Structures are given as structure tokens and as C-alpha cells.
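The letters A, B, C, D and E name the chains in turn, as written, and every chain counts its residues from 1.
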Amino acid sequence: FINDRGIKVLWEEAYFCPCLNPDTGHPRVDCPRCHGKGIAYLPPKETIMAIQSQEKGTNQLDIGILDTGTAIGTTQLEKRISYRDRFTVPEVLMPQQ
Amino acid sequence: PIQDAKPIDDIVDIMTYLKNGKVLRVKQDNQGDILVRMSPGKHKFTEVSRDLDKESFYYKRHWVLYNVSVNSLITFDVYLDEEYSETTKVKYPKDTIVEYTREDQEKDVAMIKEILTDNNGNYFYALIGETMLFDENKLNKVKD
Amino acid sequence: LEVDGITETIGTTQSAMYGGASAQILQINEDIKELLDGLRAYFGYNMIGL
Amino acid sequence: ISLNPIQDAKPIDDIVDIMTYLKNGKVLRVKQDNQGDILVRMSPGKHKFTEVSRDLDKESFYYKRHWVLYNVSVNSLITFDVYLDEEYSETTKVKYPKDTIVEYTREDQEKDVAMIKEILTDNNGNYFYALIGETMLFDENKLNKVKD
Amino acid sequence: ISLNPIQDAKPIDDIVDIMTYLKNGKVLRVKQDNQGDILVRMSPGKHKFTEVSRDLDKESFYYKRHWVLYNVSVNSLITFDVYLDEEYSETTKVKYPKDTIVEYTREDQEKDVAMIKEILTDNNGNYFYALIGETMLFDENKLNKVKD
């Protein structure tokens, strides 16, 4: 049922990069593992997943326009997901200007 | 002649080299080159690294696990990393499609398989399905 | 089924009294009855004296 | 003991000729990447406009092709390969068409690359291929097409 | 009055031999801890790739094994004990296999520990066990396996 309704997706787990500065507790601006984000990622894994209520919430602010989208996912059996894990859907394209 | 490439034919040899622990280099189509390795220690599992350049005081290779498939190994070209030469400076690499005129001045398409050179750098090519050599000027690249 | 608001539902020809393919079987029998009886006329009835 | 050569349908590349056929009223056949394969015709009579139909078959006495007005676009003609109905047909859906480059196995156990230059079929439907640099004809099962 | 010894299926430990059998095309049988027991084969013909099937039985005339492509992983072969199909079979599902260490009751009312070195079955299916340090053969009911 999950494979029937879901969409093919790449799944990569998340882990804190070693580049975190031990004293400030904050990361290097640019390293291969993470390009400024304080979190690194593992090699991709392929999976089928179901997604609902894909939403592009946009906030118009003094700093500019910003996208805060929200969505709900339903996964397969025996898979344990972690906070700040990452998914990417190659098939689906999103327009921007 | 030049020996820049020493492809491995049998996967059994590849596994044997992997058991020996020597690093491999696996080509990809329209994608970055990759290195492969067998993990040391108690648990034996395949590891990969996107770092191609040689290990150095300023450059350290980064290795991670992966569930590599034999299908990539058996199909794609494989080499010993340390023995690999980065490039062979010729106009048309091997397995490159070109258009050539046959001996009877009739034109046919072909792909290249040869590496020969004098000591000045003048190169010659022998085409798949052909015997004699063809010059850099005679051959014409076939557009995709 | 119903999962997180997603539901998949199916009803089939299988039933407590009829099988899934019983419909086709029924049609097949209908075809055979006409066909078999018509073919019998090609050969006719048997007969033996006594 | 074989059927004469069977010709491939030539896609029309230049816009000028396509319009010229259309002005004469000869039917075109366009393949849309997204939606469908369609015929295009300029209306008969003096009331001139473009018409589109999806009745993809020869105009049999029992198969009347039906037309509806549509505002065909120039860019649609340019981007999408177009054919003349009189050629594009089920008469040939050859796996490797003419001018296709294929890899074929030679007698010396070497796989050489060659282009198909002539096509004909035996009475059993097997397509015989003539290849550059080769005299005899070749069979579909023997061949291999390398893509990209 | 008994059947000859019955051999246990040897798990293949080294990757090199497993690949060598696979390159020759001899079928492998892998047990996955999570999902299932599967067969593995390298495709026949020149179009080479790995194939997987779940038709776990000898290829009878009325039992055709069906294959599908799958990207088998090296780590899967290493971690999971693998067998050759020609050995792994229902012919022997012995409770205590060869090389197993068991606790057996001796004539002196002492329970000693010994390893099974030979296995054979009588016509009634009872497995006779040969043990190190002992001459006669032993019965399954008499034995005890100590785990951990």
C-alpha cells in the first residue's frame, strides 16, 4: 500500500559535522561535508514515501520574501527517521523567480 | 605508444585486489569519478570516497560506507588508482565516434581504439572495424 | 485500508456463494451447451438392434 | 525471394515546405510530445482556417475523418517533427530505421559500428539491413543500437 | 542397517570463491536476516547483470524458476551466510548439525561436552551422531545443546 501510493524519493540521514568549532559551538562557513550548515549528511538511500498537504507558505518581510513550506509524510515499515533528516524528490520540479 | 590505461577485465581480479586492500578507481558516465575500497578491521564492508586527488599533508581522503552493486563494477571501467594517468592528451579519446572515409573513398562511421605516438607528440588512430592508422586531421568527430 | 488520511478500497467478484471466475465459467458453460448440442447433430444418436 | 525495399517516413525539417503543402491542402501529421499524435489540414472551400483531427487512419469508406477548428501555433510546427500522412503509416515501424547508427557483430568477433542505408523485408517480415562498409545484409537480432 | 552419512551444507565464508562461482554462473542461495531466503544468479548470455529469485526449489519440469534484475550489494554477501543451491536442501534439517558442540550423558551418570563429527540416519529417520572421545553413536533425544 505504501509503495502503491508513495512517490520515489532519496533519503539521507543527518549528523553533526566535525567542523563545529569546539569553543563557539558553531560551524565553519564552507567545508565539503556541509556547505555552511551546521549539519552533515550521509550517502543517499533510495526509498518510496507518501506525502500530503504539500504547502508553499510565503512570508513577506523587511528582510525580503521567504518560503516556509510545510508538508506531511508517511513512511514505510521498519524505518527509523531522525530529527533534521533530509529528503529530495528529483521527479518534482518547483518554479522560482 | 602510451600505457596510460590498464583496465581490469575480470571482476574476480577486482575482488582479489579488494581483498588485498588496494584502492580502485571507477569511471562514471556524465558523472564524477569515484574511488572504492574495502574497510579494514573486524568488519569487512565496501567504502567509497569522492576525493580523487592524492593523499597529502594538505589533502586527506574521506571514506564512508555504501551498498555498492556488482553491476556497476562488472560494467564500468575499473583501474588501480595509483597506476592511473589522469589524461591522455589526444583530440579524440578512445570509444569516441568519428566519421572517416574508407579506402575506396566511401564514408563510414567508426569509434576509436588505439594509442600510438612518436617522440614528438604526433598521434595516430586505428578505428574499430579497421586495421590501418588514421591521423588527427583525417578523422572528424561525430556530433551527438 | 486507511493510513494517515490515505485510504485504498477494493470490492471484488469473490463472494461467499460465488467464486471470482464463476461469471466467466457460467458464460463458458452457456457457450458449451449451445455448441455441444449443435455438434451432436453432426453425428446423430446411437442405435443397436435387439 | 523477398519484398522490395520499404521506405521510411521522412520528417519535414523546414517550415517553408510544410506551409506550402498546407496551402495546397495536403494533410500533415504532427506528434505532440505531451498529448497526442494529430492530423492538420487547412479548411477546404473559401472559408479558410486551420483544422485538427485525431482520426489517425486512411480515409476508408467506413472511416470518415472528422475535423474541428483549432488555432495551430507556428512554434508547435517548428519544435515537433511533422510528417505527411501519405508516408507515416503502420506499413513500417522498423526497430532501427534508415540512417540509424548501430553496432553489429563481424565475422572476426569484433563489434564494429555502421549506419543502416537500405531496408527490405522477406516474406516472413524479417527486416534485412544494408550497412556501410559491408556487402551482405544483416538481421535485426544480430544488431545492437548504442544510445548516447 | 542404516542410510549412509548425510552431509551438512557448508556456508561459504570467503568472498573471492563466491564471486568465482557467480562468474561461472553457478547459483547461490542467500538468507537475509530481515526479509527472506533468496537465490542469486548472474544473467546468462552476453547481457551480464545480477538476478534474484524467490522460487526456492529444484528446477522441476513443472516448477520454472523466474528471475528479476536486482542490484545485489557486496556487503549483503559478506554479512549474510550464503550457500550453494546444490547443497542447501530439505534433504537434511538436522537439529544439531556437524561441528556443533553438545552436552551428552555418559554411562557414569556424568554429562560431558563433545562435538558432533559424523552424521547418519537409520531407515526410520533417527539421526546417529558420532562424538569426539566416544566410539559408539548417540541419539538425538539423549543429547543436550548448551547455548551461550
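The criterion applied here is as follows: a contact is a pair of C-beta atoms (placed from the backbone, for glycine too) under 8 Å apart; a residue touches a chain by one contact, two chains touch by 3 or more.
Trainee: Note down the smallest number of touching-chain steps it takes to go from chain B to chain C.
Mentor: Shortest path length, in steps: 2.
Trainee: Can you tell me the least number of steps between chain C and chain D, where a step is a move to a chain it touches?
Mentor: Minimum number of steps from chain C to chain D: 3.
Trainee: Using mean Cα positions, find the chain sitting nearest the overall protein centre.
Mentor: So the chain nearest the centre of the shown protein is B.
Trainee: Please work out which of B-D and B-E is bridged by more C-beta pairs in contact, and write that pair.
Mentor: When B-E is set beside B-D, the one with more contacts is B-E.
Trainee: Quick one: report the Å distance separating chain B from chain E, using the average Cα coordinate of each chain.
Mentor: 41
Trainee: From the C-alpha centre of chain A to that of chain D, how far is it in Å?
Mentor: Taking the mean C-alpha position of each chain, the two centres sit 46 Å apart.
Trainee: Please report how many Å separate the Cα centroid of chain A from that of chain C, as a whole number.
Mentor: From the centre of chain A to the centre of chain C is 55 Å.
Trainee: With chain centres defined as C-alpha means, what is the inter-centre distance between chain A and chain B in Å?
Mentor: Comparing mean C-alpha positions, chain B is 35 Å from chain A.
Trainee: Mind pulling the residue numbers of chain E that touch at least two other chains?
Mentor: none
Trainee: Could you tell me which residues belong to chain A and also touch two or more other chains?
Mentor: Residues of chain A touching two or more partner chains: there are none.
Trainee: What's the complete list of touching chain pairs for this entry?
Mentor: Applying the touch rule to all chain pairs gives A-B, A-C, B-D, B-E.
Trainee: Which bits of chain B are touching chain E when the two form their complex?
Mentor: 10-12, 15-16, 19, 44-46, 65, 67-71, 74-75
Trainee: Report the residues of chain B in contact with chain A in the complex, numbered from low to high.
Mentor: Listed in rising order, the residues of chain B that touch chain A are 48, 62, 64-66.
Trainee: What part of chain B is in contact with chain D in the complex they form?
Mentor: 97, 102, 106-111, 128-129, 144
Trainee: Within their complex, state which residues of chain A touch chain B.
Mentor: For this pair, the touching residues of chain A are 32-33, 42-43.
Trainee: Could you list, by residue number, the parts of chain A that touch chain C in their complex?
Mentor: Where chain A meets chain C, its residues are 1-2, 4-5, 50, 52, 72, 74.
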